[PDB]
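Asker:
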Ligand SMILES: CCCCCCCCCC(=O)N(CCO)C[C@@H](O)[C@@H](O)[C@@H](O)[C@@H](O)CO
Ligand SMILES: CC(C)NC[C@H](O)c1ccc(O)c(O)c1
Ligand code: NA
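Residue numbers (the numbering used here), protein chains in the order written: chain A, 1026 to 1144; chain B, 104 to 393; chain C, 872 to 977.
#1: Got a sec? Which residues, its chain only, sit under 6 Å from residue 350 of chain B by beta carbon, not counting five neighbours each side?
#2: Can you confirm whether the segment 881-899 of chain C touches the segment 908-924 of chain C when touching is taken to mean that 3 or more C-beta pairs between the two stretches lie within less than 8 Å?
#3: State whether the segment 377-390 of chain B contacts the segment 119-136 of chain B, with contact taken as three or more CB pairs (one from each stretch) at a distance under 8 Å.
#4: So, helix, strand or coil for residue 1091 of chain A, using DSSP?
#5: Cβ of residue 324 of chain B less than 8 Å from any chain D Cβ?
#6: If contact is defined by three or more beta carbon pairs under 8 Å, each pair taking one atom from either stretch, is the segment 296-313 of chain B in contact with the segment 212-231 of chain B?
#7: Against chain C, does residue 105 of chain B count as a neighbour if the rule is that its beta carbon must be under 8 Å from one of theirs?
#8: Buried or exposed, going by whether 16 or more other CB atoms sit within 10 Å of the CB of residue 357 of chain B?
#9: Specify the secondary structure class of residue 1053 of chain A as computed by DSSP and reduced to three states.
#10: Using the three-state DSSP reduction, which class does residue 145 of chain B fall into: helix, strand or coil?
#11: Give me the pocket residues for ligand 1, defined as CB within less than 6 Å of any heavy atom, sorted by chain position.
#12: Using the rule of at least 16 other Cβ atoms within 10 Å of the residue's Cβ for burial, across every protein chain shown, is residue 314 of chain B buried or exposed?
#13: Determine the DSSP secondary structure at residue 1125 of chain A, reduced to helix, strand or coil.
#14: Among residues of its own chain, excluding the 5 on either side of residue 948 of chain C, which ones have a beta-carbon nearer than 8 Å to its beta-carbon?
#15: Please check if any C-beta of chain A sits within less than 8 Å of the C-beta of residue 293 of chain B.
#16: State whether the segment 145-157 of chain B contacts the segment 177-195 of chain B, with contact taken as three or more CB pairs (one from each stretch) at a distance under 8 Å.
#17: Just checking: is the beta-carbon of residue 884 of chain C within a distance shorter than 8 Å of some beta-carbon in chain B?
#18: Does the beta carbon of residue 260 of chain B fall short of 7 Å from some heavy atom of ligand 3?
#19: Whole angstroms are fine: how far does the CA of residue 256 of chain B sit from the CA of residue 175 of chain B?
#20: Give the interface partners of residue 1097 of chain A over in chain B, defined as CB-CB distance under 7 Å, in chain order.
#21: How many Å lie between residue 1039 of chain A and residue 1143 of chain A at the Cα?
#22: For the segment 221-295 of chain B, list the alpha helix (DSSP H) runs that are entirely contained and at least 4 residues long, ordered along the chain.
#23: What residue does the alpha helix (DSSP H) around residue 313 of chain B start on, and which one ends it?
#24: Compute the distance between the beta-carbons of residue 873 of chain C and residue 930 of chain C, then report whether it is under 8 Å.
#25: Measure the C-alpha to C-alpha separation of residue 112 of chain B and residue 136 of chain B and round it to an integer number of angstroms.
#26: Kindly indicate the opening and closing residues of the beta strand (DSSP E) around residue 373 of chain B.
#27: For the pair the segment 1050-1058 of chain A and the segment 319-335 of chain B, tell me if three or more CB-CB distances fall below 8 Å.
#28: Taking only three categories from DSSP, how would you classify residue 1059 of chain A?
#29: Going by other Cβ atoms of all chains shown within 10 Å of its Cβ, with 16 needed for buried, is residue 1072 of chain A buried or exposed?
#30: Assuming residue 183 of chain B and residue 109 of chain B make a contact with CB atoms under 8 Å, what is their CB distance in whole Å?
#31: Rounded to whole angstroms, how far is the Cβ of residue 203 of chain B from the Cβ of residue 267 of chain B, which I believe are closer than 8 Å?
#32: Residue 1103 of chain A touches chain B at which residues, Cβ-Cβ below 7 Å?
#33: Residues of chain B with CB closer than 8 Å to the CB of residue 1083 of chain A, please, in chain order.
#34: What is the DSSP secondary structure of residue 1086 of chain A, counted as helix, strand or coil?
#35: Quick check: the Cα distance between residue 185 of chain B and residue 154 of chain B, rounded to an integer number of angstroms?
#36: Quick check on the DSSP output: the alpha helix (DSSP H) that includes residue 327 of chain B runs from which residue to which?
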């Protein structure tokens, strides 16, 4: 199970970006894909997450601006980030929580991809 | 063979105490293991441990010596303790199935819904019901049958057979086993259905390009699910089936088989550590403790 | 190695006798009592030392059978120091019978 992350880079404040994480490997039908981020000298926090049954979960800092969705066929998750601010600058990580064990969850983490927003 | 039976009891006690002590230690000592699911596992491990420490030893000696050596009061107290711990254990397996159901199907809902305080109340209730099925009826003689040959075993301190009226045998068996079982079948069946229907949506997504097949992760989920329901039912259905049978046509099932089937149920308490503590974090903690 | 018992020798051959002794109660009329006869002749060789096989004809020696309450035949009573430790009734095969004997010889 490898998580390939793309769509990050440099962008001006007020701009948009579309992150995209494709998960190539064996994953249980029921799973939760999401985007976390880590600002410089801060703890890793949740940005957005989407369950395999359409349920979503956002953080208040990104509510109304960021939109998470997943590809219907393959295991790929997109995060459309609009109205970006310099606060959003972080290393965004892709996450897959696999529920195939039934009794516990297994985590997969991507390498991380830099997003940097300037004013 | 008669010597093989006594050896086989010793390892059963060893597996139960060893396994469960090790689990409770692992959860208590590690910050990472202290999740809500493992809170219900801690309830389960306590019950199973009390089975290994108190219930199975005294039960073993009733088979070895052919008679109760500790009197009428400790027969009643021990019978109550047996039913308490078996009720709490099996009901806790049912609560775990529901916990995993919520965390798998509706994970964002589950976080706000299932708080630490709510989990404690659930656990307290499981034990309170176990007490009111075990200690309240057995100590107060509500479990007692009016039959003369049954009433011989209540009068005799040396006799500590399990003889109940119709009402108690049914009600106790339902509360300890059948309500839990049906909830576990219903609950875990929807995890299979959820995963089946999700494979259906992924196939509709493709536009007739690909047909999904059962991979590694789906076959492991089915094996785990097969172990959960298979081992629990193998261990306790035979005893609890017979326990209802014996009320109606008493001589139909022998006494040696009734006792042996009950011991099969005590073995589940040794299996439960193995099934419900295979997480990577459990495996790491176990290595750290040894 | 089969002991062929009588009414008078029973006390000396079974109750006073050393080790475990398996007694077969057989009759010349009973077809189930004949089915086990060649099986017990084979067991006497393989279980030599571990136990001793004995046969008692109920038509020849009717006095012994009422004392222990024999209902049907063949009925196999295992004896240990002049005491009945086990019982089987009816015809068995060698594989079934060995598992009864192996478990009671502890
Ligand atoms: C958190 C509190 C939740 C409720 C606590 C009480 C639930 C259990 C009620 C109850 O006691 N029983 C079911 C109702 O009978 C089981 C037995 O008490 C009863 O079956 C026997 O006493 C008779 O069968 C004996 O003749
Ligand atoms: C030997 C006896 C004390 N075993 C009792 C058995 O474990 C049992 C537990 C809970 C019940 O509800 C029950 O009917 C029977
Ligand atoms: Na008694």
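Yeah, the Cβ is synthetic: ideal placement off N, Cα and C, and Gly gets one too.
Answerer: Quick look at the numbers:
#1: 269, 272
#2: yes
#3: yes
#4: strand
#5: Absence of chain D from the displayed structure is noted, the protein chains being A, B and C.
#6: no
#7: yes
#8: exposed
#9: coil
#10: helix
#11: B:228, B:231, B:232, B:235, B:236, B:240, B:245, B:268, B:270, B:271, B:274
#12: exposed
#13: coil
#14: 893, 894, 896, 939, 955, 957, 958
#15: no
#16: yes
#17: no
#18: yes
#19: 10 Å
#20: 308
#21: 9 Å
#22: 251-258, 269-276
#23: Segment: none, residue 313 of chain B is in no alpha helix (DSSP H) and carries neither H nor E.
#24: no
#25: 31 Å
#26: Per DSSP, residue 373 of chain B belongs to no beta strand (DSSP E); it is in the alpha helix (DSSP H), 358-379.
#27: yes
#28: strand
#29: buried
#30: Contact flag wrong, Cβ pair sits at about 26 Å.
#31: Their Cβ separation, rounded to whole angstroms, is 34 Å, which puts residue 203 of chain B and residue 267 of chain B out of contact at 8 Å.
#32: Near residue 1103 of chain A there are no residues of chain B at all, since even the closest Cβ is about 15 Å away, more than 7 Å.
#33: Residues of chain B passing the Cβ test: none, with the nearest at roughly 10 Å.
#34: helix
#35: 7 Å
#36: 319-351
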